[PDB]
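Here's the structure we're looking at; comments come further down.
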Amino acid sequence: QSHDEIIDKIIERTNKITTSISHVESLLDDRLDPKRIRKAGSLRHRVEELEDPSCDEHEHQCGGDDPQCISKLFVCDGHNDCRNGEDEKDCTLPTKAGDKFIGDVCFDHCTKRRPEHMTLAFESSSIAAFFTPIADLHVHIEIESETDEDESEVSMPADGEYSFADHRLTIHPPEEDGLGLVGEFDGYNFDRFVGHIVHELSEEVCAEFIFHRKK
Amino acid sequence: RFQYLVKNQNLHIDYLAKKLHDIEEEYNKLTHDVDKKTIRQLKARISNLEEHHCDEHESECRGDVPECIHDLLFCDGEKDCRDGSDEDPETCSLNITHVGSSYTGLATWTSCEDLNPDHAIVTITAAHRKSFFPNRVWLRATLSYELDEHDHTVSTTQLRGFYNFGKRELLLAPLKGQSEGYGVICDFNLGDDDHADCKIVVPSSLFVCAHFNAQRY
Amino acid sequence: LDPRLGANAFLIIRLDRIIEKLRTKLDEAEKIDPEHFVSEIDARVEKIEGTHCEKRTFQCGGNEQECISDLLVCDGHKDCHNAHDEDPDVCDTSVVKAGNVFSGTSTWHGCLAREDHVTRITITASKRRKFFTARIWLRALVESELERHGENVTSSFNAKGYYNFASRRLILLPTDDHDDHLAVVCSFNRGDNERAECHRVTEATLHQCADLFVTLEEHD
C-alpha cells in the first residue's frame, strides 16, 4: 500500500510549489505593470505645470534627474542633443487615422451654434519625411445641433499639426470666423485632452471642451 | 530503484521551495504598496492651487468634467448638472456631521487672548435635516480650548450653524449672551472626510482670529 | 521507466527556468518604487503650498503645526508639542557622514562664463559638539573636471561650512583662498537623502549663479 502512496505525495507537492512560484510572478508584475507608471506620470506633470516653467521661453525641459535645457526645435530632431538621450524616446506618434474624439462642453462664449457637444475625427496623419518634429493632420469636426426650428448639421474639414515638442496639437481655422482649436495633452496619457478654442488673432481663451477617445 | 528516483525528486524540489522562499524575503524587503488613502488626499492638495473658473458664491462639481453650479442646488432631489453629480452618495454622505463627531488640533492665536498654542476642539451636539429643504444640515456645537493659567482649564463657548454641502465647509457662530463670543469656519476641501483647515473668527467681520488645522479622533 | 514520475520531471525543468525569469525582473523592482515617489511629490507640493511659518524658522507639521525657532530644532529637548522636532526622520543625524560623495553637472548663467561641465563635492570632515548639538560643522573638497584647452585641467579647493537640521541645507565657503573659487550652497528639499539642488553663490549678496543638481554617488 505504501508503494504508489509515496509517489502521489510528490506530484502533490510539485503543484503546491508552482502555486507558490506562479503566485509571486504575477504579484510581482503588479509593481511593474505599465499602467501604474502611466497614470502616476500624469499626476507628476500636473504639479510641474502648476509651478512656473524652469526653462526659458521657447526652450524645452528634457531633464529626468539632471535638468538640461534645450531649444524647442530639437525634440524628435532625428539625433541626440539632450545629453540624457531623453528627447529621442518619444518619436512614436500617438494619434492614428480612424481615431475619433468626442468632447463635452465646459463653458462657451464663442457662439456660432453653442453646441451641447462636438466630435472630432482623423482623416489621415502624415509625416514630412526629412524633418519631423511636426506631423500634419486632416480632421473633420462634426457638430450635431438642435433648436426651435431645424435639426441642423455640420462637418467642416480643416488641417492641423501635432507637435512632439510641447505635445500641443493645433487646428487652423476651419471657417473664416478665425477660431483655432488648441489641443494640449499632458504628455503621458493620450486618452483625453483639455483642449479649448482661441480667437486665432488675439490669443484669448474663449470656450473649453474635455475630449475623450472612444473605445 | 524507483525508491531512488522518488528520493531524487524530494530533494530537487526542496532546493526550490528553499529558493522561492528566499525570494519571498527579497520581495517583502522592498517597499509597501502605499495605501489608496495617501494618494487620495495628495491629489486634493494640488486641486486647491490650480485655479477655478468657478467664482465665489458657487461650487464646482465633483466628477470628470468641471461645471460651476450655484450652492443651493446640491442634495436637492433634482439633477442640475450635466452628469447629475448632485444625486450621488459621494456627496450626500452625512459621515461628517453625524452627532458626536469632534475635531481637534492645537491653535495658534494671532488676534486675541495671546494664550500660547494649546489644544482646541470642536464638537457637534445635535443635527437636524428638514425633510422639505434638504440643501443644508442645521446643527449645534460646542467649541472648547485650553486657557493656560495654572491648572488645566478650559473656557467653553456654545454654538449653532449650518453645514453647506457645496463649499463642504461647516460654519458656526456664538449663540447669544455667551462669554467671549467667537465663531468657527471649517473647510473640508481635502480629499477625505477628516482633517480640515479651520479658523476661529469674530462673528461680524469674518476676520481671522485664530487658525488651527484640525483632525479627527 | 515508470510513468507519472517521468512527467513530473519536465515540470521541474520548466519550474527551474521560471525561477530565473523572476531574478531578471526582480532587479526591475526598486527601479521604480512607489513609496519613494509619493515622497518626491508630497515634498515638492509642500513648497508651493507655502510654509505658514515666517523667515527661517522650523515648521512642524501633522495634526498640528506652528513655528519654532531654528536653534531649538534638534537640541535633545521637547520644543514642539507633539515632538516632531526631536524625531529620527527629521534629526536623521547623517546625510553628511564623512566619505559620502556628490556629483553632477552645472550650467553657468552668471559670472565666470565658460562651457557646461561636471563638478563633484566630497565631504571630508564632520563634528558635533555634544553641548550645542543643533548644527554639524564640516569640511569638504570641490572638484572641477572642465576642459579649458590643450588638456583636461582640474581645479580644486577646500571648504568649510555647516549643515542645518531645520532647513536641511548645507553651505560651503572656501577657506584661505586668495583665488576666486565661488562658494556652493545645497538643499535637500526632496524629502529623500540622495538627490539635491544646489547653486554656487557669491559670498556677500547671496544672489544666485550656476544652478547645478547632484546625486549621491553609490556607497560600497
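Protein chains in written order, with PDB author numbering: chain O, 8 to 222; chain M, 9 to 225; chain N, 10 to 229.
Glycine included, each C-beta is placed from N, C-alpha and C at the ideal position.
Selected residue, minimal CA-CA separation from residue i, among the options
i	options	result
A135(O)	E168(O), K221(O) and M125(O)	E168(O)
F216(O)	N87(O), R175(O) and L188(O)	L188(O)
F171(O)	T21(O), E95(O), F218(O) and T154(O)	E95(O)
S196(N)	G159(N), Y171(N), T214(N) and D189(N)	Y171(N)
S153(N)	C83(N), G113(N), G70(N) and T211(N)	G113(N)
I50(N)	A192(N), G200(N) and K87(N)	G200(N)
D166(O)	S152(O), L186(O), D157(O) and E151(O)	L186(O)
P97(N)	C83(N), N109(N) and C89(N)	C83(N)
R90(O)	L191(N), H126(N) and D88(N)	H126(N)
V209(M)	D156(M), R224(M) and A115(M)	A115(M)
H203(O)	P164(O), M163(O), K23(O) and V112(O)	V112(O)
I148(O)	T177(O), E156(O) and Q75(O)	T177(O)
residue 1(O)	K221(O), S162(O), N87(O) and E207(O)	Nothing can be reported for residue 1(O), as the shown portion of chain O is limited to 8 through 222.
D186(N)	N198(N), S164(N) and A205(N)	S164(N)
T224(N)	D11(N), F166(N) and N109(N)	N109(N)
Simplified DSSP assignment, three categories, for residue i
i	result
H145(O)	strand
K107(O)	strand
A135(O)	coil
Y195(O)	coil
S153(N)	strand
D166(O)	strand
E49(N)	helix
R90(M)	coil
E29(N)	helix
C113(O)	strand
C213(O)	strand
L208(O)	coil
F19(N)	helix
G108(N)	coil
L10(N)	coil
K119(O)	coil
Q217(N)	coil
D125(N)	coil
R148(N)	strand
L24(N)	helix
Span of the beta strand (DSSP E), counted from its first residue to its last, around residue i
i	result
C217(M)	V216 to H219
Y171(N)	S164 to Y172
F222(N)	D220 to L225
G169(M)	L167 to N172
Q68(N)	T66 to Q68
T112(M)	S110 to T112
Other residues of its chain near residue i: CB distance less than 7 Å, five sequence neighbours each side excluded
i	result
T102(O)	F129, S132 and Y169
Sub-8 Å separation of residue i and residue j beta-carbons
i	j	result
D201(M)	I104(M)	yes
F218(O)	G110(O)	yes
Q166(M)	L179(M)	no
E226(N)	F111(N)	yes
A168(N)	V151(N)	yes
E98(M)	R53(M)	no
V31(O)	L28(M)	yes
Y153(M)	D126(M)	yes
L100(O)	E58(M)	no
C76(O)	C62(O)	yes
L20(N)	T21(O)	yes
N198(N)	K56(N)	yes
Bounding residues of the alpha helix (DSSP H) (the contiguous stretch that carries residue i)
i	result
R70(M)	Note, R70(M): premise wrong, no alpha helix (DSSP H); not H, not E.
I31(M)	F10 to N36
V210(N)	Premise fails: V210(N) is in no alpha helix (DSSP H) and is neither H nor E.
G191(M)	Taken as a continuous stretch (DSSP letters only), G191(M) belongs to no alpha helix (DSSP H), being part of the beta strand (DSSP E) at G191 to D195.
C100(N)	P97 to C100
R45(O)	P41 to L57
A52(M)	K44 to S55
Cβ shell of residue i (< 6 Å), same chain only, five flanking positions each side left out
i	result
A181(M)	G169, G191 and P211
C62(N)	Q68 and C76
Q49(M)	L198, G199 and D200
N202(N)	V104
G194(O)	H52 and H174
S110(M)	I129 and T131
Residues near residue i by beta carbon distance below 8 Å, same chain, minus five either side
i	result
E66(M)	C76, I77, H78, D79 and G174
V194(N)	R178, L179, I180, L181, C207, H208, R209 and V210
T116(N)	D125, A219, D220 and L221
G71(N)	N91 and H93
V162(M)	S152, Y153, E154 and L155
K221(O)	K107, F108 and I109
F220(M)	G113, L114, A115, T116, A128, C206, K207 and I208
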